[PDB]
Structures are given as C-alpha cells and as structure tokens.
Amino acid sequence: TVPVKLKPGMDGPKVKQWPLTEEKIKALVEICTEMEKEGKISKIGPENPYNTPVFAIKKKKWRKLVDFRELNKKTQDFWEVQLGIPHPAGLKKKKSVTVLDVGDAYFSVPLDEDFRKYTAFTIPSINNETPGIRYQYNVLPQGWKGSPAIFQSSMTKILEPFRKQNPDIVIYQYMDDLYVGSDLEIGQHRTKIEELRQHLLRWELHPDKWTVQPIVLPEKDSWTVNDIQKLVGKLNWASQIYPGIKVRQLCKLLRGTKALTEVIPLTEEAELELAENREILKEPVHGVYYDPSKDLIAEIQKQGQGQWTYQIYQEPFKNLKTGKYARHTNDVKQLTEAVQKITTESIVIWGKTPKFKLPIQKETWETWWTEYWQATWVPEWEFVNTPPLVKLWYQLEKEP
C-alpha cells in the first residue's frame, strides 16, 4: 500500500455526526454489515478518537455517503501536489459529455494501515439508547480524495487500450466519476459509452449549451419617475461589475420633487446613455479570467416561482459564469438540484468544486439536504443573506 500522512501539525477529523432518521439508520446498519463481511471496514474500539459524518442517499435502494470534507482538507498536499490528476481543457468544448460511476473500483485496493484510524465513522442510534457503531475503512474509501489519486496509476493502465483506439475522445476523472468528452452525435455517443461500460465491467449533458447570458433592461414607451428611479438604482449598483455603465444623464432627468407617477420624456442625451448601457450588457464582460490558485465561489439567489439565479466567481463582481435554473417540488429540492448542477458544471470546466453561499438557514439545510442528494462528493458550503439589489439585478438575464 502507498503510505499516506497528514500535514505535520494536523490532527485527525473530529467532526460530530448530524442526527439521522430511523429509516436511514436501519439502511446503514444493513450496508455496513455486508461491508464488514466483505472485509471493507472493521469495527473499532474507543481508543480511536476520530470521526467523520455518515449519511444515507437514494441515488436512483439506499447508499452510504461518508462526508469526508474535513479529512480531504487535512490531506490536500497528498492528493493534489503529489499524485494529483491534471485537467483537460478540451473537456468543456465537447458537444456532449456523460457521467459514469466507478465507485466499486476502489473496494479492491487496500488502504495503508497507519492511516485507517483517520477514516473512522459512527452509525448513531435513536435517542442515544445505544453507544453507536464505530467502523473504519480497510480499503480505499469512496469520497476520499486520496482514493483516485492512489488509483491514478492503475487507471491510466486500464484505459490506454480504449484511449489508443480513440485518441480523439477525452475522458477525465473527478472522484468516483468518469467524464467522457466527445464530438460524435447522440447515437454514436451512447454506443460508445455502453462499449466502455463493457470494457470496464471486464475488470447526459452538453457543455456547449451552457452560455453566459446578457442582461436586458426594460423597453418602455412611457418612462415614469418611478421607472427611472428603479433603473438608476439597479444600474448604479451594476457599475461595480460593468464600470462603463453611467447614470448621469438619467439622473439629470429627475430634477425637482416630482410625483412618482409623472411621465418623463427621454431627452436625446438620456436616450443615448441608455442605448449604450444596453450595448455594454448585450456584450461580454472583460478582464475576468480564471485563476488556478484561488477558490471558486458559487452564489445562488431565490427568484421565486421555482426559479433561481447563480453566479460562479473568484473575487466579488467578476463572474466567470452565470445562469438560471427553474422547476410536487419545494425550495430544498430545487436548491439541492442547482447545487449539484452547478458543481458538475464547475467540475468539467475547471476540475475544481466551488464553495457555495446558500440562501437557507443552516439548521434547515442540515435536516433535508440528504433527501435528494445523489452525488458521491459533497461540496463546501455556507449560509448567507442575499442583498436585495443582487436579486433584482440578475432577474434581468435572458432565457435560453
């Protein structure tokens, strides 16, 4: 086995377990029993003081998720600087990419003995009527970032035969997932995937349809005092993202204490300012470029009526990417879907996961995010109050 360590000053994960419903506790005892028979995990004593949360997911029966967000952090030099998997820039340019689970490809590989204690997790019991069942991994765990890093070697050697017979196709691996980059058509794509599923059994997204979209301002016959006041507040705010935006000639029109309903004729100087503000928005933004050394950030706003706006950026107001998502459904189900859609988008494009700013209370999210989660990764997230001008501004994007 490959020796793994931590940073020399780091301690092991000591994360508390969020409480679980009885339906999921029963499902987890089943799953971990069979994993104990098959040698994959082992019960441990109380002399092991580390813990890592464990959850249950449906993902198209049940499934065990281990939230290793804290352990990955404490081994990040190991799986990033040392054995890291480099990113294919050509992946996002494929006309179509589909996603493959290769989770079961880790269970064969043994795990370094001195490192298994850091991987401890605790099935809890209802009402604390029972001590809590404590396993630890004996093999490479699904969801630890060291796992594909270590399986890296044996993954090149298991695909070179396919990749030699298709050196056009690009395929990239983040965690327990494979990404198949192709330009072939829908028929000659799905045939290729079910071939590769048989090449591996031996041992539905299109990034081009994603497009940053332009802001569109109202188009009005009769502008009113109120209409303009609303519009300069929005434009004044968006001059932080488009600095070539001005409101000088629109405020000249609001001279003296006018009633809110009064109609204002657009002077030619105003009508010009407006017409180029429009042109600055209908074209891209500039000076914004991806930085490999900084964290991606993703912020979602609730728009109402089952639709949502997001932005991926690295410094305030410099959005690498923005978009919209819309809908027997509730906010949490929708929010959970956006977070997964935004993440896989962010995965193919940059090979990284964004840290989310979520417009929900932490307690509520901790309760229900597990209901509709289907991914093997879980991203970093935090809980924010969306300011009103941010909601108002990104409403005005256009729809595909």
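Heads up: residue numbers just count along the shown sequence, starting at 1.
Gap check for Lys60 to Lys61: 1 to 3 deposited residues are absent from the model. Per the record, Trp203 and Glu204 are separated by a gap of 10 or more residues from the deposited sequence that were not modelled. The PDB entry records a higher mean C-alpha B factor for 166-174 than for its counterpart among 301-309 and 166-174.
For the segment pair 147-155 and 181-189, the entry gives 181-189 the higher mean B-factor, averaged over Cα atoms. Note on the listed residues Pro316, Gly132, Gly323, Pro284: the highest Cα temperature factor in the record is that of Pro284. As recorded in the entry, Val212 carries the highest CA temperature factor of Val212, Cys251, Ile245, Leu111. Annotation for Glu195: CA B-factor lies in the highest third of the chain's modelled residues. Per the deposited record, the Cα B-factor of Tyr118 falls in the lowest third when ranked against the other modelled residues of its chain. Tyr137: CA B factor in the lowest third of modelled residues in this chain (values from the PDB entry). Ranked by C-alpha B-factor against the other modelled residues of its chain, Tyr106 falls in the highest third. Among all modelled residues in this chain, the alpha-carbon of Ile25 has a temperature factor (C-alpha) in the lowest third.
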